[PDB]
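K.L.:
I would like to see how this sequence folds:
(chains A, B and C, ligands or ions: 1)
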Amino acid sequence: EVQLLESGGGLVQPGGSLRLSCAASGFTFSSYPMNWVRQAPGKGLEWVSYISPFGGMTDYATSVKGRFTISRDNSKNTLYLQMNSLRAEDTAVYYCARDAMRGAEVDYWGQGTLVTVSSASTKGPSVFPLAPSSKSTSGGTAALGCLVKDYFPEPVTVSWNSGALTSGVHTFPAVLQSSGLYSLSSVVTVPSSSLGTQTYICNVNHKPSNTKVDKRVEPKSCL
Amino acid sequence: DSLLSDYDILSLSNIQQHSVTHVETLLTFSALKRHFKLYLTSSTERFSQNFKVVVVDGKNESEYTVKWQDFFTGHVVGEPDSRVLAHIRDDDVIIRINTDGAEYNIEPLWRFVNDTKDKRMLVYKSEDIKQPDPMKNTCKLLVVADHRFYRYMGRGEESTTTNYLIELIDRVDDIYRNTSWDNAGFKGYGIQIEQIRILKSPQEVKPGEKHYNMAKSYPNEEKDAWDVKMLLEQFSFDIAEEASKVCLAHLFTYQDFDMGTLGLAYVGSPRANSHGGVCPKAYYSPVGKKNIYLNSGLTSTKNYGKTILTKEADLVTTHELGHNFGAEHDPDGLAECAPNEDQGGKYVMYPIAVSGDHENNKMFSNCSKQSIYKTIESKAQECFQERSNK
Amino acid sequence: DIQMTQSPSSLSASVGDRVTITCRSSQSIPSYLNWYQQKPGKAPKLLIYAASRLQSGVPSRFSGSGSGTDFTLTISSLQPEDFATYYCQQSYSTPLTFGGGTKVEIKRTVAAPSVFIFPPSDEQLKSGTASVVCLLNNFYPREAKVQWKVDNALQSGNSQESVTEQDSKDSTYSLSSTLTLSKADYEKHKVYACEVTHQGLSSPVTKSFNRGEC
Ligand SMILES: [Zn+2]
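P.N.:
Numbering: from 1, shown residues only, chains lettered A, B, ... in the order given. This is the structure:
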């Protein structure tokens, strides 16, 4: 049961520093070389760093040559990746991969720490009504959801009706806004005959920041 | 310099009369409290037909003709149960005598008094230092002596360096061949030199580069020595080409390691998926775009600023080679794996280095012999050649 | 520096169809190329190493071949549990970099998307920002992008469409474009509309919702 737990990773301003660690367990750490691999949000995934089994030969990618530092305390059974002078482009999920002690591939990966960087404090999500109306709705095409905008960090779990339903509700990947803050609006379509009959109240919760947001909107057609 | 108890001084030219298959010897000297009448033999065939000694340089290489008339091996008169190794030259003398349990050793004085021009012997007893299929029973081991070892323990001369290296390796092989790894007839799976590489000068490197022979140290130039693990890793990286065709590749160096350690080699394992140990198992590394073979080793012959005696150097070498042969450091919890000082003293493979405390300090513990047997049983069928000599 | 390429970037196949993935390098990697599979939301898992060998743990349907420059990964049968993005990696040089990424999803029948747009709310009017989100639900395939600009407006970055991930059970796609508008353009933009373009649809249904006009 080879498990590679990772720690660290959070909202940090540009020019900061992080010391996220790989709590490698279940195998002989001292003999296996390791790699540090990143994954941009919604994009491809690229290798970042390599370290020799004893820490002798260490080299990085071309983009992190002078800003990163990888070290191993084999006594404490843990792999480190100290990065300084972080940049906005470094927003990525950082996986810790164990290089295959045979060949040159990798067998087992970590779970990744969502290292997000921005000069924006964790602000509580705000929800604006996607209210149905006589003039704004036509036919059976009905819309309803939580217009969550200007929230930071991610992730935020999409719980609807106290999280009763987890399938059939489309949770759009959160999309960055022009203000540099996350925003998502999960929407599921239901028949118009039950638009004003059954209550459709959506909920959102921010796990890392312990921010729970719920906005109540009366089912009215407005004008 | 004067740390051990018995360190009586001898003069080679005056006391060693050296009276006379192939060439016999009946040399004698009045060392310590014994007349020490010896009997020694040497021959051409004692050296391998592929025993090539290369003294490397910066892009240049040379071959040194080993004097097979020199390295002696025989017995003490009146003691047929004894075993004595020796190496007699005009000035170079490295003799080691085993009889009645007690061990008598000889070294030139120039290694200790910091004056290389002194000629004298250092006779002492190691007990008084203050502190089953044959034909696949030989691991061709490659000897590497970096620039520090050649400059400090070889007077700057290649001949002394290779003579000392061969004598120490013969000592280690004599230690190895005696032990029976299974408490049965399965004995004699020792080592043998295939090729000695003597690095006479430091290897110039580009700034920011690394080498196991450079004139600095990796972790910090403030210290005068490398980190043990980093040095071993770099040596394995650099010798990867020359370590492919040899069962082992051992590096001999001269620097004062931190916290009193002297050597550390990659631990062996009989498992196929494990790399590092007796067999040259393959392991690729994208850093150098080359295969890396983890059948390496390391032996420093300097602790606490003073050159250590040949007995402690031999002990450190066989400790590193036992680590290579699959053994592990003895567990201090059990007295059967490693007893206290009174009942024979610590065994080999102890976490700390013990030079000559007691008699079984040169003997492998069964608690560490089992692992060596496990590794050898699976690696002999793969990377063990013939003895090729006597 | 070794540059690595994958083709096709996104391909569709049935359950029984034979999917072949081509991964071409910018050099002649001797034999060190290996593939990975990552399902959305999980760490990548290695399938094939040395470009011709299968890992102990991956089903024997995955086969790899190709030496020198041309490298290929082939899966004989697309079992419904192997629908995830694949990255090919070279492990020859120090800056070992992975491929761009190929994605495989369920091939189904031709779909008929729907059209709907949501204007900014009344509370949005007093908020100071007008946000418009479109509604595209239960459509196939995702390879249909719409970039509709209103009355010569510089729409970039903000007009980032949000599309859900291809589930292996529901297998339905939902899309929602993001349109950002200022209060100043409310008077100048008297026309509000959205565009659709899909392989199923014969004509672009211009679902336009103006204030009081449809
Ligand atoms: Zn040791």
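K.L.:
show me what contacts residue B:278?
P.N.:
Residues in contact with residue B:278 (C-beta atoms under 8 Å, 6 or more residues apart in numbering or on different chains) are B:139, B:247-248, B:268, B:295, B:324-326, B:375-376, B:379, B:383. Every C-beta, even on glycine, is put in place using the N, C-alpha and C of the backbone.
K.L.:
Out of those, the closest to residue A:87 would be?
P.N.:
residue B:295 (43.1 Å; C-beta to C-beta).
K.L.:
For that closest one, grab phi and psi.
P.N.:
Main-chain torsions, residue B:295, degrees, to the nearest 10: phi -90, psi 60.
K.L.:
What sits closest to it if chain neighbours are left out?
P.N.:
residue B:280 (4.9 Å; C-beta to C-beta, 6 or more residues apart in numbering or on different chains).
K.L.:
Helices - which of the contacts of residue B:278 land there?
P.N.:
Using DSSP state H, the members of the contacts of residue B:278 that fall in helices are B:324, B:375-376, B:379, B:383.
K.L.:
got CSV for the residues you listed, with distance to chain C too?
P.N.:
Converted to CSV, the ones in helices among the contacts of residue B:278 look like this (distance: C-beta to the nearest C-beta, whole Å):
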residue, distance to chain C
B:324, 28
B:375, 23
B:376, 27
B:379, 23
B:383, 23
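K.L.:
ok, the residue nearest to residue B:295 - how many residues close by?
P.N.:
23 (other C-beta atoms under 10 Å in any protein chain shown).
K.L.:
you'd agree it is in a helix?
P.N.:
No: using DSSP: H, G, I helix; E, B strand; the rest coil, the secondary structure at residue B:280 is coil, not a helix.
K.L.:
OK, contacts around residue 68?
P.N.:
Looking at chain A here, since you left the chain open. The contact partners of residue A:68, taken as C-beta under 8 Å, 6+ apart, are A:48-49, A:60, A:81-84.
K.L.:
wrong one, I was asking about chain B
P.N.:
Counting by C-beta under 8 Å, 6+ apart, residue B:68 touches B:42-44, B:46-47.
K.L.:
what's the answer for residue B:128, then?
P.N.:
Residue B:128 touches B:4-6, B:356, counting by C-beta under 8 Å, 6+ apart.
K.L.:
Among those, find me the one that's closest to residue A:6.
P.N.:
Residue A:6 lies nearest to residue B:356 out of the contacts of residue B:128, by C-beta to C-beta, at 49.3 Å.
K.L.:
what residues are up against that closest one?
P.N.:
When contacts are counted by C-beta under 8 Å, 6+ apart, residue B:356 touches B:103, B:126-129, B:131, B:311-312, B:315.
K.L.:
how about those residues, which pair is most distant?
P.N.:
By the measure C-beta to C-beta, B:128 and B:315 form the most distant pair in the contacts of residue B:356, at 15.7 Å.
K.L.:
isn't residue B:155 right up against residue B:110?
P.N.:
Yes: the criterion here is C-beta atoms under 8 Å, and residue B:155 meets it with residue B:110 at 6.8 Å.
K.L.:
Can you check which residues contact both of these two?
P.N.:
residue B:116.
K.L.:
ok, back up a step: counting neighbours, which of the contacts of residue B:68 comes out on top?
P.N.:
Sorting these by how many neighbours each has (other C-beta under 10 Å) puts residue B:42 first, at 22 neighbours.
K.L.:
Quick check: beta-bridge partners of that one?
P.N.:
residue B:23 (DSSP bridges).
K.L.:
hang on, it packs against residue B:71?
P.N.:
Yes: contact between residue B:42 and residue B:71 holds when scored by C-beta under 8 Å: they sit 5.8 Å apart.
K.L.:
The residue lying closest to residue B:143 once chain neighbours are set aside in helix, strand or coil?
P.N.:
Leaving aside its sequence neighbours, residue B:143 sits nearest to residue B:196 (C-beta to C-beta, 6+ apart; 4.4 Å). At residue B:196 the chain is in strand, as set by three-state DSSP.
K.L.:
picking up where we left off before, quick check on the contacts of residue B:356: which are buried?
P.N.:
The neighbour-count criterion (16 or more other C-beta atoms under 10 Å in any protein chain shown) marks B:103, B:126-127, B:129, B:311-312, B:315 among the contacts of residue B:356 as buried.
K.L.:
Give me the domain ranges for chain A.
P.N.:
The record's domain split for chain A, according to automatic domain parsing, is A:3-115, A:126-213.
K.L.:
which parts of chain B sit against chain C?
P.N.:
B:284, B:286-287, B:289 (C-beta under 8 Å from any C-beta of the partner chain).
K.L.:
Drop anything exposed from these.
P.N.:
For those, a burial check counting by 16+ other C-beta under 10 Å picks out B:284, B:286-287.
K.L.:
As a markdown table, those residues with secondary structure and distance to chain A would be great.
P.N.:
Formatted as a markdown table, those follow (DSSP: H, G, I helix; E, B strand; the rest coil; distance: C-beta to the nearest C-beta, whole Å):
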| residue | secondary structure | distance to chain A |
| --- | --- | --- |
| B:284 | strand | 4 |
| B:286 | coil | 6 |
| B:287 | coil | 4 |
